[PDB]
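> For reference, the file work-v4.csv (CSV, N, CA and C atoms) is included below:
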chain,number,residue,atom,x,y,z
L,1,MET,N,-22.8,44.8,-55.0
L,1,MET,CA,-24.3,44.7,-55.1
L,1,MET,C,-24.8,43.4,-54.6
L,2,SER,N,-25.7,43.4,-53.6
L,2,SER,CA,-26.3,42.2,-53.1
L,2,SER,C,-27.7,42.4,-52.5
L,3,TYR,N,-28.4,41.4,-52.0
L,3,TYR,CA,-29.7,41.5,-51.5
L,3,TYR,C,-30.0,40.5,-50.4
L,4,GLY,N,-29.1,39.5,-50.2
L,4,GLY,CA,-29.2,38.5,-49.2
L,4,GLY,C,-28.5,37.2,-49.6
L,5,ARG,N,-28.6,36.9,-50.9
L,5,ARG,CA,-28.1,35.7,-51.5
L,5,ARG,C,-28.7,34.4,-51.0
L,6,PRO,N,-28.7,33.3,-51.8
L,6,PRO,CA,-29.1,32.0,-51.4
L,6,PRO,C,-28.5,31.5,-50.1
L,7,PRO,N,-29.0,30.5,-49.5
L,7,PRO,CA,-28.5,29.9,-48.2
L,7,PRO,C,-27.0,29.6,-48.3
L,8,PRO,N,-26.3,29.5,-47.1
L,8,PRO,CA,-24.9,29.1,-47.0
L,8,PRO,C,-24.7,27.6,-47.2
L,9,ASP,N,-23.9,27.0,-46.3
L,9,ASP,CA,-23.5,25.6,-46.5
L,9,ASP,C,-24.5,24.7,-45.9
L,10,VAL,N,-25.8,24.9,-46.1
L,10,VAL,CA,-26.9,24.1,-45.7
L,10,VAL,C,-26.8,22.7,-46.5
L,11,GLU,N,-25.8,22.5,-47.2
L,11,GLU,CA,-25.5,21.2,-47.9
L,11,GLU,C,-25.4,20.0,-47.0
L,12,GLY,N,-25.2,20.3,-45.7
L,12,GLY,CA,-25.1,19.3,-44.7
L,12,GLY,C,-26.5,18.8,-44.1
L,13,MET,N,-27.5,19.4,-44.6
L,13,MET,CA,-28.9,19.2,-44.2
L,13,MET,C,-29.8,19.2,-45.5
L,14,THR,N,-31.1,18.9,-45.4
L,14,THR,CA,-31.9,18.9,-46.6
L,14,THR,C,-33.4,19.3,-46.3
L,15,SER,N,-33.9,19.0,-45.1
L,15,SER,CA,-35.3,19.4,-44.7
L,15,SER,C,-35.5,20.9,-44.6
L,16,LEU,N,-36.6,21.4,-45.1
L,16,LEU,CA,-37.0,22.7,-44.9
L,16,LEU,C,-38.0,22.8,-43.8
L,17,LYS,N,-38.2,23.9,-43.1
L,17,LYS,CA,-39.2,24.2,-42.1
L,17,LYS,C,-39.8,25.6,-42.4
L,18,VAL,N,-41.1,25.8,-42.2
L,18,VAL,CA,-41.8,27.1,-42.4
L,18,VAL,C,-42.7,27.3,-41.2
L,19,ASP,N,-42.7,28.6,-40.8
L,19,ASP,CA,-43.2,29.1,-39.6
L,19,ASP,C,-43.9,30.5,-39.8
L,20,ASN,N,-44.6,31.0,-38.8
L,20,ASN,CA,-45.4,32.2,-38.7
L,20,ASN,C,-46.7,32.1,-39.4
L,21,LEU,N,-47.8,32.1,-38.7
L,21,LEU,CA,-49.2,32.0,-39.2
L,21,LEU,C,-50.1,33.0,-38.6
L,22,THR,N,-51.4,33.0,-39.0
L,22,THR,CA,-52.4,33.9,-38.5
L,22,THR,C,-53.6,33.1,-37.9
L,23,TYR,N,-53.4,31.8,-37.6
L,23,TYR,CA,-54.5,30.9,-37.1
L,23,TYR,C,-55.4,30.4,-38.1
L,24,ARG,N,-55.3,30.9,-39.3
L,24,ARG,CA,-56.2,30.6,-40.4
L,24,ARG,C,-55.5,30.3,-41.7
L,25,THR,N,-54.2,30.4,-41.7
L,25,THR,CA,-53.4,30.1,-42.9
L,25,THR,C,-53.6,28.6,-43.3
L,26,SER,N,-53.6,27.7,-42.4
L,26,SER,CA,-53.8,26.3,-42.6
L,26,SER,C,-52.7,25.6,-43.5
L,27,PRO,N,-52.5,24.3,-43.3
L,27,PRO,CA,-51.6,23.5,-44.1
L,27,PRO,C,-51.9,23.5,-45.6
L,28,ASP,N,-53.2,23.6,-45.9
L,28,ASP,CA,-53.6,23.5,-47.3
L,28,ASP,C,-53.0,24.7,-48.1
L,29,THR,N,-53.2,25.9,-47.6
L,29,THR,CA,-52.7,27.1,-48.3
L,29,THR,C,-51.2,27.0,-48.4
L,30,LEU,N,-50.5,26.6,-47.3
L,30,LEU,CA,-49.1,26.5,-47.4
L,30,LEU,C,-48.7,25.5,-48.4
L,31,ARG,N,-49.5,24.4,-48.6
L,31,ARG,CA,-49.1,23.3,-49.5
L,31,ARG,C,-48.9,23.9,-50.9
L,32,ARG,N,-50.0,24.6,-51.4
L,32,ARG,CA,-49.9,25.1,-52.8
L,32,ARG,C,-49.2,26.4,-52.9
L,33,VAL,N,-48.7,27.0,-51.7
L,33,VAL,CA,-47.9,28.2,-51.7
L,33,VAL,C,-46.4,27.8,-51.6
L,34,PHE,N,-46.1,26.6,-51.4
L,34,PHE,CA,-44.7,26.1,-51.2
L,34,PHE,C,-44.4,25.0,-52.2
L,35,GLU,N,-45.3,24.1,-52.4
L,35,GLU,CA,-45.1,23.0,-53.4
L,35,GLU,C,-45.0,23.6,-54.8
L,36,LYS,N,-45.5,24.8,-55.0
L,36,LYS,CA,-45.5,25.4,-56.3
L,36,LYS,C,-44.1,25.6,-56.9
L,37,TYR,N,-43.2,25.8,-56.0
L,37,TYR,CA,-41.8,26.0,-56.4
L,37,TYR,C,-41.2,24.7,-56.8
L,38,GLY,N,-41.7,23.6,-56.3
L,38,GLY,CA,-41.3,22.2,-56.7
L,38,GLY,C,-42.1,21.1,-56.1
L,39,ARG,N,-42.1,21.0,-54.8
L,39,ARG,CA,-43.0,20.0,-54.1
L,39,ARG,C,-42.9,20.3,-52.6
L,40,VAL,N,-43.8,19.7,-51.8
L,40,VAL,CA,-43.9,19.7,-50.4
L,40,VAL,C,-44.0,18.3,-49.9
L,41,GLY,N,-42.9,17.7,-49.4
L,41,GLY,CA,-42.8,16.4,-48.9
L,41,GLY,C,-43.7,16.3,-47.6
L,42,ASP,N,-43.9,17.4,-46.9
L,42,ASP,CA,-44.6,17.4,-45.6
L,42,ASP,C,-45.2,18.8,-45.4
L,43,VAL,N,-46.4,18.9,-44.9
L,43,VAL,CA,-47.0,20.2,-44.6
L,43,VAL,C,-47.9,20.0,-43.4
L,44,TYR,N,-47.6,20.6,-42.2
L,44,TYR,CA,-48.5,20.5,-41.1
L,44,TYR,C,-48.3,21.7,-40.1
L,45,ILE,N,-49.2,21.8,-39.2
L,45,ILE,CA,-49.2,22.9,-38.2
L,45,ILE,C,-49.2,22.3,-36.8
L,46,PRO,N,-48.1,22.5,-36.0
L,46,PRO,CA,-48.0,22.0,-34.6
L,46,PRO,C,-48.8,22.8,-33.6
L,47,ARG,N,-50.1,23.1,-34.0
L,47,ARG,CA,-51.0,23.9,-33.1
L,47,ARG,C,-51.3,23.1,-31.8
L,48,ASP,N,-52.1,23.7,-31.0
L,48,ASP,CA,-52.6,23.2,-29.7
L,48,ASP,C,-53.3,21.8,-29.9
L,49,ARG,N,-53.7,21.2,-28.8
L,49,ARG,CA,-54.3,19.9,-28.9
L,49,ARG,C,-55.6,19.8,-28.0
L,50,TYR,N,-56.0,21.0,-27.4
L,50,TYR,CA,-57.1,21.0,-26.5
L,50,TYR,C,-57.8,22.4,-26.6
L,51,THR,N,-57.5,23.1,-27.6
L,51,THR,CA,-58.1,24.5,-27.8
L,51,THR,C,-58.4,24.7,-29.3
L,52,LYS,N,-59.1,25.8,-29.6
L,52,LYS,CA,-59.6,26.1,-31.0
L,52,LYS,C,-58.6,27.1,-31.6
L,53,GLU,N,-57.4,27.2,-31.2
L,53,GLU,CA,-56.4,28.1,-31.7
L,53,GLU,C,-55.0,27.4,-32.0
L,54,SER,N,-54.0,28.2,-32.3
L,54,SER,CA,-52.7,27.6,-32.7
L,54,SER,C,-51.5,28.4,-32.0
L,55,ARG,N,-50.4,27.8,-32.1
L,55,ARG,CA,-49.1,28.4,-31.5
L,55,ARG,C,-48.6,29.5,-32.3
L,56,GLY,N,-49.1,29.7,-33.6
L,56,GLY,CA,-48.7,30.8,-34.4
L,56,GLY,C,-47.6,30.5,-35.5
L,57,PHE,N,-47.4,29.2,-35.7
L,57,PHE,CA,-46.4,28.7,-36.7
L,57,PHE,C,-46.8,27.4,-37.3
L,58,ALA,N,-46.2,27.1,-38.5
L,58,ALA,CA,-46.5,25.9,-39.2
L,58,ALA,C,-45.2,25.1,-39.2
L,59,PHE,N,-45.1,24.1,-40.1
L,59,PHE,CA,-44.0,23.2,-40.2
L,59,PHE,C,-44.1,22.6,-41.6
L,60,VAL,N,-44.0,23.4,-42.6
L,60,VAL,CA,-43.8,22.8,-43.9
L,60,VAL,C,-42.4,22.2,-44.0
L,61,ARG,N,-42.3,21.0,-44.5
L,61,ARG,CA,-41.0,20.4,-44.7
L,61,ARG,C,-40.8,19.8,-46.1
L,62,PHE,N,-39.6,20.1,-46.5
L,62,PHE,CA,-39.2,19.7,-47.9
L,62,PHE,C,-38.2,18.6,-47.9
L,63,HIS,N,-38.5,17.6,-48.7
L,63,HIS,CA,-37.7,16.4,-48.9
L,63,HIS,C,-36.5,16.6,-49.8
L,64,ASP,N,-36.4,17.8,-50.4
L,64,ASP,CA,-35.3,18.1,-51.3
L,64,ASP,C,-35.0,19.6,-51.1
L,65,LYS,N,-33.8,19.9,-50.6
L,65,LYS,CA,-33.2,21.2,-50.4
L,65,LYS,C,-33.3,22.1,-51.6
L,66,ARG,N,-33.2,21.5,-52.8
L,66,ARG,CA,-33.2,22.4,-54.0
L,66,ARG,C,-34.6,23.0,-54.2
L,67,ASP,N,-35.7,22.3,-54.1
L,67,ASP,CA,-37.0,22.9,-54.2
L,67,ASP,C,-37.2,23.8,-53.0
L,68,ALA,N,-36.5,23.5,-51.9
L,68,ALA,CA,-36.7,24.4,-50.7
L,68,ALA,C,-35.9,25.6,-50.8
L,69,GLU,N,-34.7,25.6,-51.5
L,69,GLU,CA,-33.9,26.8,-51.8
L,69,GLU,C,-34.7,27.9,-52.5
L,70,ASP,N,-35.4,27.5,-53.6
L,70,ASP,CA,-36.1,28.5,-54.4
L,70,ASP,C,-37.3,29.0,-53.6
L,71,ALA,N,-38.1,28.1,-53.0
L,71,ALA,CA,-39.3,28.5,-52.3
L,71,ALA,C,-38.9,29.4,-51.1
L,72,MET,N,-37.9,29.1,-50.4
L,72,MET,CA,-37.4,29.9,-49.2
L,72,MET,C,-36.9,31.2,-49.7
L,73,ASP,N,-36.2,31.2,-50.8
L,73,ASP,CA,-35.7,32.5,-51.4
L,73,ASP,C,-36.8,33.3,-52.0
L,74,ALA,N,-38.0,32.8,-52.0
L,74,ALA,CA,-39.2,33.4,-52.6
L,74,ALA,C,-40.4,33.4,-51.6
L,75,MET,N,-40.2,33.0,-50.4
L,75,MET,CA,-41.2,33.0,-49.4
L,75,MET,C,-40.8,33.5,-48.0
L,76,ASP,N,-39.5,33.6,-47.7
L,76,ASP,CA,-39.1,34.1,-46.5
L,76,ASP,C,-39.4,35.6,-46.4
L,77,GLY,N,-40.2,35.9,-45.4
L,77,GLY,CA,-40.6,37.3,-45.1
L,77,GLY,C,-41.5,37.8,-46.2
L,78,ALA,N,-42.2,36.9,-47.0
L,78,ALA,CA,-43.0,37.2,-48.1
L,78,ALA,C,-44.4,37.7,-47.7
L,79,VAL,N,-44.6,37.8,-46.4
L,79,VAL,CA,-45.9,38.2,-45.8
L,79,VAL,C,-47.1,37.8,-46.6
L,80,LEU,N,-47.4,36.4,-46.5
L,80,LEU,CA,-48.5,35.8,-47.2
L,80,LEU,C,-49.8,36.5,-46.8
L,81,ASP,N,-50.1,36.6,-45.6
L,81,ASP,CA,-51.4,37.1,-45.2
L,81,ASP,C,-51.4,38.5,-44.6
L,82,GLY,N,-50.2,38.9,-44.1
L,82,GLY,CA,-50.0,40.2,-43.5
L,82,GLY,C,-49.3,40.1,-42.2
L,83,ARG,N,-48.4,39.1,-42.0
L,83,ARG,CA,-47.7,38.9,-40.8
L,83,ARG,C,-46.2,38.7,-41.0
L,84,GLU,N,-45.8,38.3,-42.2
L,84,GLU,CA,-44.4,38.2,-42.7
L,84,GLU,C,-43.9,36.7,-42.5
L,85,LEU,N,-44.3,35.9,-43.4
L,85,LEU,CA,-44.0,34.4,-43.4
L,85,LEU,C,-42.5,34.2,-43.1
L,86,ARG,N,-42.2,33.1,-42.6
L,86,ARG,CA,-40.8,32.7,-42.2
L,86,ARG,C,-40.4,31.4,-42.8
L,87,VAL,N,-39.2,31.3,-43.4
L,87,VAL,CA,-38.8,30.1,-44.0
L,87,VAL,C,-37.3,29.8,-43.8
L,88,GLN,N,-37.0,28.6,-43.4
L,88,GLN,CA,-35.6,28.2,-43.0
L,88,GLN,C,-35.5,26.7,-43.0
L,89,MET,N,-34.3,26.2,-43.2
L,89,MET,CA,-34.0,24.8,-43.1
L,89,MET,C,-34.4,24.2,-41.8
L,90,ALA,N,-35.0,23.0,-41.8
L,90,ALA,CA,-35.4,22.3,-40.6
L,90,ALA,C,-34.2,21.6,-39.9
L,91,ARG,N,-33.1,21.6,-40.6
L,91,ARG,CA,-31.8,21.1,-40.2
L,91,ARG,C,-31.8,19.5,-40.3
L,92,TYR,N,-32.9,19.0,-40.5
L,92,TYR,CA,-33.1,17.5,-40.5
L,92,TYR,C,-32.7,17.0,-41.9
L,93,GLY,N,-32.5,15.7,-42.0
L,93,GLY,CA,-32.1,15.0,-43.3
L,93,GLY,C,-31.2,13.8,-43.1
L,94,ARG,N,-30.6,13.7,-41.9
L,94,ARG,CA,-29.7,12.6,-41.6
L,94,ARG,C,-30.5,11.3,-41.4
L,95,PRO,N,-29.9,10.2,-41.7
L,95,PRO,CA,-30.5,8.9,-41.5
L,95,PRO,C,-30.8,8.6,-40.0
L,96,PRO,N,-31.6,7.6,-39.7
L,96,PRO,CA,-32.0,7.2,-38.3
L,96,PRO,C,-30.8,6.4,-37.7
L,97,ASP,N,-30.9,6.2,-36.4
L,97,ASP,CA,-29.9,5.4,-35.7
L,97,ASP,C,-29.8,3.9,-36.2
L,98,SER,N,-28.7,3.2,-35.9
L,98,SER,CA,-28.5,1.9,-36.4
L,98,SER,C,-28.6,1.7,-37.9
L,99,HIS,N,-28.5,2.8,-38.6
L,99,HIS,CA,-28.6,2.8,-40.1
L,99,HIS,C,-27.8,3.9,-40.7
L,100,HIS,N,-27.6,3.9,-42.0
L,100,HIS,CA,-26.9,5.0,-42.7
L,100,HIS,C,-27.3,5.1,-44.1
L,101,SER,N,-27.0,6.2,-44.8
L,101,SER,CA,-27.4,6.5,-46.2
L,101,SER,C,-26.4,7.4,-46.8
Please re-express this file's structure in structure tokens.


Amino acid sequence: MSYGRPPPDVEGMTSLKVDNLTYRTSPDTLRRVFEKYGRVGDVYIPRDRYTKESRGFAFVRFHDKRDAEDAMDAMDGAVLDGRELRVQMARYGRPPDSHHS
């Protein structure tokens, strides 16, 4: 018996990423729709820069994979507005160059 289970060895990363919008979902709705499971270290929409529309995806990012695990396991394909929300690790989390952590 299964259903999909929690993420695999994403232990090598930490940042979350969220995508799929309807042009009106906005970062604010995503904020309280994702931080609710724990927190939202970052929430923004990489939309256009010279028009009144968007690319069709956001970029919520989580500073902690644990809060991202539950939110993603409870928001991936959760169809927030009627389009089928998408949630997945942003792969990021490593330290910058000339430094380590």

> From the options L:62, L:2, L:47, L:24, which residue's atoms come nearest to residue 90 (chain L), counting only N, CA and C atoms?

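Ranking L:62, L:2, L:47, L:24 by distance to residue 90 (chain L), first place goes to L:62.
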
> Taking only N, CA and C atoms into account, name the residue in L:59, L:92, L:75, L:8 that is nearest to residue 33 (chain L).

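Closest to residue 33 (chain L) of all the choices is L:75.
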
> When you count only C-alpha atoms, which of these residues is closest to residue 30 (chain L): L:73, L:5, L:45, L:65?

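Looking only at the distances to residue 30 (chain L), the closest residue turns out to be L:45.
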
> For the helix (DSSP H, G or I) assignment from backbone DSSP, which residues of chain L qualify? Please present them as a list in words.

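Those residues are residues 10, 11, 12, 26, 27, 28, 29, 30, 31, 32, 33, 34, 35, 36, 37, 65, 66, 67, 68, 69, 70, 71 and 72 of chain L.
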
> Using all atoms listed in the file, can you tell me which of L:50, L:23, L:9, L:71 comes closest to residue 36 (chain L)?

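For residue 36 (chain L), the nearest of the given residues is L:71.
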